[PDB]
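What you see below is based on every heavy atom in this structure, not just the backbone, and it leaves out hydrogens, waters and symmetry mates. Numbered from 1 within each chain, the chains take letters A, B, ... in sequence-line order.
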Amino acid sequence: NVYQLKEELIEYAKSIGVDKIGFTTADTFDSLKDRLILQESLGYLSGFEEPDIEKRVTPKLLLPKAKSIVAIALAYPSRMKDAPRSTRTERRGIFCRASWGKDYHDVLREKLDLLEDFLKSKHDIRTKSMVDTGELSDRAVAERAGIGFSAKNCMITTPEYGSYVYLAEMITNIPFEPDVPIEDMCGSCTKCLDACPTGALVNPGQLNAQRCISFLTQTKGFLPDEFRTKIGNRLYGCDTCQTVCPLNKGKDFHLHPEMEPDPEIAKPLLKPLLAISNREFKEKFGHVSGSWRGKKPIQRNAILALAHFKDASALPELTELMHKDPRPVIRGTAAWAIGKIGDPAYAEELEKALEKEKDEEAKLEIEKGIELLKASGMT
RNA sequence: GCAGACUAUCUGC
Ligand code: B12
Ligand code: SF4
Ligand code: SF4
């Protein structure tokens, strides 16, 4: 009966393109609770987590008289067909794989809405669904439901699809039989830990999110200097601890057409981003997950990417931004970039902007830019 | 009306 409904749910889930489905109880996540507290006391959380720990670990608080949680996963593509080439004059930035195609929040919610209506259409079933923006830890739910195991890079990693999956889940009042957690396949490997550009993976399965490039790309303020050279040409997110992972070798699934990257926005030219209108940003980037904080972090990161490529051809546009952009973070990061690119011809204009800039943080960035030129010109 | 900022409000033309 419940066994029967489970069988049907699984069947239906697959038919609407869910790539993996699991079941667990609505029992409290005791281990997670301790973990969240530890991470918090260490200053290792990101701040994107639901702040109420009671709600994060207690399904029955979220859904009264809850009995189970249904976990779903969808595999997303890891290779971009016909990626454009980033040339000396036409430099590009890159969005992480989790921001290719239609925002996964929309895709996975659509599927959960269907799973919910499936159950409602039967019987007194009650549900509460979430993807990423709900109170639960999606990874904790998926681990306990047998979707994948918790690898050393913190990713839920599946045998079929690797770590390249979007997670979502649905709390119900249906006493489904739970599944069994699956085996840890990392063994003695430490490739992700050694590859991480900032050492954010401080121990296996432990992230200092404050040092993680994926977090850093999404911040709205000034990027701390020690990361300005580690971010490379990343505009949003970071994939290094997954792409380097042996468990992901060969894993390039194209099962969902709306997840297919549009190469011109997944790997966009940097210079046009510096001047994009809001209307144009909304039209081009508005349906990818990477636009959820608007265009400012993206534009800040594109400035850093151009400094990274030392693109002297961006120096006039950067000079205009340093002067004209209404945002202190953009004027300041542009001034730093001008100094970083290392064309002594712009030293004078930095000196002149310093005397005109009123914002103290931006003034400081112009001073750093001036300093960068002074040091590099004397080499 | 347009453009911008901030995450409805604010600011210009
Ligand atoms: C905040 C946030 C982040 C933060 C912090 C990530 C992190 N590792 O904590 C930042 C902004 C850095 C980030 C980055 C990314 N994230 Co993110 N993020 C989230 C969010 C909203 C909550 C994460 C969270 O609560 N972390 C806190 C830690 C403490 O818990 P947890 O990871 O959720 O759960 C595990 C640990 O607690 C661990 N644990 C528990 N007890 C113990 C005990 C011991 C001893 C140990 C060692 C471990 C351990 O086991 C749990 C289950 O795996 C979730 C969505 C959600 N609501 O859950 C997405 C989510 C984790 N992110 C996701 C993605 C795709 C990413 C990126 C790959 C995006 C990118 N390409 O840049 C990177 C990967 C970074 C990484 N190596 O982990 C997916 C992961 C899917 C998957 N297959 O695992 C999620 C689930 C979103 C989704 N629904 O698809 N993210
Ligand atoms: S996402 Fe990038 S910065 Fe963050 S842990 Fe993985 S490799 Fe390190
Ligand atoms: S790189 Fe190695 S240790 Fe890290 S998640 Fe992959 S298999 Fe596990």
Side-chain angles (χ1 to χ4, degrees), chain A residues 45-52 55-56 93 95-96 98-99 102-109 130-136 138 209-210 212-224 227-228 231 234-237 264-265 268-307 314-338 349-350 352-369:
Chain A
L45 289 179
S46 73
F48 295 145
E49 305 85 4
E50 153 68 42
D52 191 340
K55 290 187 200 177
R56 299 212 73 200
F95 285 68
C96 72
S99 180
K102 189 194 158 219
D103 193 353
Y104 73 97
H105 296 87
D106 300 321
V107 175
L108 270 74
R109 187 37 188 260
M130 62 202 71
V131 44
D132 176 76
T133 52
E135 299 89 336
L136 298 179
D138 300 351
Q210 292 305 302
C212 178
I213 293 301
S214 172
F215 170 73
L216 291 165
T217 61
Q218 298 176 62
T219 63
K220 293 190 157 178
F222 289 95
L223 191 68
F227 309 115
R228 294 185 184 186
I231 191 182
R234 301 186 186 82
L235 293 181
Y236 181 90
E264 298 310 306
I265 71 175
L269 298 163
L270 299 174
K271 279 186 277 207
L273 273 178
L274 308 177
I276 193 159
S277 66
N278 294 331
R279 183 190 308 276
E280 202 176 5
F281 179 81
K282 179 168 192 171
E283 282 171 17
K284 294 193 180 172
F285 292 91
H287 293 305
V288 305
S289 68
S291 65
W292 77 278
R293 306 267 265 174
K295 76 187 192 308
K296 179 171 51 187
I298 306 296
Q299 294 184 305
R300 175 201 75 184
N301 297 343
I303 291 173
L304 294 166
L306 290 163
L315 289 172
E317 179 56 22
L318 294 177
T319 295
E320 188 173 297
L321 290 165
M322 164 175 76
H323 281 296
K324 184 177 161 56
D325 195 281
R327 302 159 292 176
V329 165
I330 300 295
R331 301 200 303 283
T333 304
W336 183 87
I338 290 165
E349 191 60 11
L350 287 175
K352 285 185 189 298
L354 182 62
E355 298 312 320
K356 291 173 102 179
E357 180 57 56
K358 305 298 182 185
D359 180 87
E360 284 298 336
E361 280 185 298
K363 258 192 164 187
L364 162 72
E365 292 294 334
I366 298 159
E367 276 165 325
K368 295 185 203 178

Interatomic distance where [atom1] belongs to [X] and [atom2] belongs to [N] [whole Å]:
X	N	atom1	atom2	answer
A:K282	B:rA5	NZ	P	14 Å
A:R327	B:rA3	CZ	P	16 Å
A:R331	B:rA5	CZ	P	12 Å
A:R279	B:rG1	CZ	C1'	11 Å
A:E283	B:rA3	CD	P	10 Å
A:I330	B:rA5	CD1	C1'	12 Å

- Query: Given the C1' atoms of B:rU11 and B:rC6, what is the spacing between them in whole Å?
  - Reply: 11 Å
- If you measure from the P atom in B:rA8 to the same atom in B:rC13, how many Å do you get, rounded? 24 Å
Under 3.5 Å, which protein N or O atoms sit close to an N or O of nucleotides 7-13 of chain B? Give each pair with its distance.
{"from": "B:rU7", "atom 1": "OP2", "to": "A:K220", "atom 2": "NZ", "distance (Å)": "3.3"}

- Query: What residues, two or more places apart in sequence or in another chain, satisfy side-chain contact (heavy atoms from CB on, under 4.5 Å) together with A:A334?
  - Reply: A:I303, A:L318, A:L321, A:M322
- Excluding sequence neighbours, so at least two apart, what forms side-chain contact (heavy atoms from CB on, under 4.5 Å) with A:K363? A:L354, A:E357, A:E360
- Are any non-hydrogen side-chain atoms of A:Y236 and A:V288 less than 4.5 angstrom apart? no
- Task: Would you list the pairs meeting salt bridge (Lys or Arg N to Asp or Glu O under 4.0 Å) in which at least one residue belongs to residues 274-292 of chain A, sequence neighbours left out?
- Result: A:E280-A:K284
- Phosphate OP1/OP2 of B:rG4: any A:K295 side-chain N/O under 4.0 Å: no
- Short side-chain N/O contact from A:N278 to OP1 or OP2 of B:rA5, under 4.0 Å: yes
- Query: Can you list every side-chain hydrogen bond (donor to acceptor under 3.5 Å, both in side chains) pair that touches residues 315-324 of chain A, not counting sequence neighbours?
  - Reply: A:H323-A:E349
- Message: List the residues meeting ring pair (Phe, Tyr, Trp, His ring centres under 6.0 Å) with A:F222, not counting sequence neighbours, and say none if there are none.
- Response: none
